[PDB]
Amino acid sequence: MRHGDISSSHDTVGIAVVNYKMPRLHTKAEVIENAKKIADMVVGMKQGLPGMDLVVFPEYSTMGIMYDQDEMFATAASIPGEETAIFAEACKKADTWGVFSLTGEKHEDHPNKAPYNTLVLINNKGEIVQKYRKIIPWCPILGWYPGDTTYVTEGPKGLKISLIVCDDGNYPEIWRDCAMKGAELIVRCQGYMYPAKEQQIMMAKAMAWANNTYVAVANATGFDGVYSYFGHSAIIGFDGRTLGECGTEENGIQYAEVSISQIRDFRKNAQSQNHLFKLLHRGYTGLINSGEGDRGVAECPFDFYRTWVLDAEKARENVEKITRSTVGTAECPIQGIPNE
């Protein structure tokens, strides 16, 4: 957990995040060309960052956002496929792991159901070791089929990695779920458009803190014909403190070293802000002093999670009373999204 050098050591994973300029693309040929630009970029970056072990690209960095439905379907990728092979070769050549974005990935029922929005983790031998499908697509504007699972994978030097996408990160639950599965680094890849710049910068830091996890964020930049993306790719410590952070600049890069031994030492020996431990051992001191055992309390005391787990339809109904009953709102209509 240290910032400012280009090296890495046996204890540190060298992580690079990229403020990748958002592509504005329309065909499969243009996607492949851009995929090769990304590959070239990986290779060049390793020349300057000899400590690089992990390189992270934004959601949508490969295809851009395919606003047109037909083009979306025409350019949806197979995993493994040609794009991923192009990425894998860069990872082998530069001897790094990498996180790349396929937007879309063909649905099992392609072309009759919406593509997933997917991330892969590729190791330094070119192997896909994690494929993550976004669980919370950025509705209403974006139309991806939602995925249903998080994953933890052993990464460079044994660092445990989970991947999440853009909108996912607004939801504390996903960051929790990954850390509780053992994630030591949560990588948030995004094409996070203005407006919500300061809110997203803060969310990543707060989530690093709340889940005692390293966080790496690669966000897109530039204007793509619809959205302007605000950059601020960052790597953040498990103590909530930013390691390094980009600005809004096109193809900015940040690079930081995250210590394996430091996070494991913290998760073992931290007390007051060992949040993962403490959530499941509530009031341990109190119970000890009251003659009630030395484990604290594990039971979930939050009715919302309990209802959600046992009766999601009831939890949905409850939330519709507080918000609205239809996915759309007549005060700000959107074609294809129903309201009233």
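Don't overthink the numbering: it's just position in the shown sequence, from 1.
Relative to one another, 210-218 and 100-108 have unequal mean CA B-factors, and 100-108 is the one with the higher figure. If you average the C-alpha B-factors over 161-169 and over 110-118, the higher value belongs to 110-118. Across the residues 176, 125, 188, 205, the deposited record lists the maximum Cα B factor for 125. Set against one another, the Cα B-factors of 55, 35, 41, 288 in the record reach their highest point at 288. When the modelled residues of the chain are ordered by C-alpha B-factor, residue 194 sits in the middle third. Ranked against the other modelled residues of its chain, the C-alpha B-factor of residue 316 as given in the entry falls in the middle third.
For residue 142, the recorded CA B-factor ranks within the highest third of the chain. Only modelled residues enter the ranking.
Among the modelled residues of the chain, residue 334 sits in the highest third by CA temperature factor in this PDB entry.
Ranked by Cα temperature factor within the chain, residue 69 sits in the highest third according to the deposited record.
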